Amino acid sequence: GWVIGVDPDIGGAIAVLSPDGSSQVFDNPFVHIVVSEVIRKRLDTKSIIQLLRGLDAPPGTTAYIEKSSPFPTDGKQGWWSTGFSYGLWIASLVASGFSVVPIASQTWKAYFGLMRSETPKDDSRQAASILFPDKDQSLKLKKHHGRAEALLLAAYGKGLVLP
């Protein structure tokens, strides 16, 4: 009963669901780096692999990861960064012994009846709250939608149902 869920973006997170119902969710580690004489955020490769090595999740545990489908109206930098975060997470998860399953956001949103929402990120946090009430405190802020995403991805993988 082990499932991992990853929202790989910069504001994303990794969630881990244990057989006994317990869950953990961690903000994606990032660093500030110099690019074209400005500072940009980038996922912290060594920290992520350090995180994944310290999980009690056994090797072979399925990880569900949201696939990057950036909009054509998004800038080239957005396309590069979402590509880069996707690749860094995929390899980190495979190298750590996990079976990787990409999932489009329409898939898990459709499973939880969240498509076409007027406030998708607040609704994401509400759903994760109801599926994981012990993470309620860790979902209070609007900036926590990444923790919720990761949690809903894992819930999707586990087969959980909203009441």
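Quick note: we count residues from 1 along the sequence shown, nothing fancier.
Could you check which stretch, 102-110 or 117-125, carries the larger mean CA temperature factor in the entry?
Mean CA B-factor is higher for 117-125.
Averaging the C-alpha B factors as listed in the entry, name the stretch that ends up higher: 91-99 or 51-59.
Mean CA B-factor is higher for 51-59.
For the chain shown, is the CA B-factor of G83 in the lowest, middle or highest third of its modelled residues?
Bottom third by C-alpha B-factor.
What third of the chain, by the recorded C-alpha B-factor, contains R147?
For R147, whose C-alpha B-factor we compare with every modelled residue in the chain, the answer is the lowest third.
Sorting by Cα B-factor within the chain, modelled residues only, which third would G159 end up in: lowest, middle or highest?
According to the entry, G159 has a C-alpha B-factor in the chain's highest third.
Hey, what third does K67 fall into on Cα B-factor, ranked over its chain?
It belongs to the highest third of the chain when residues are ordered by C-alpha B-factor.
How does the C-alpha B factor of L43 compare with the rest of the chain: lowest, middle or highest third?
Lowest third.
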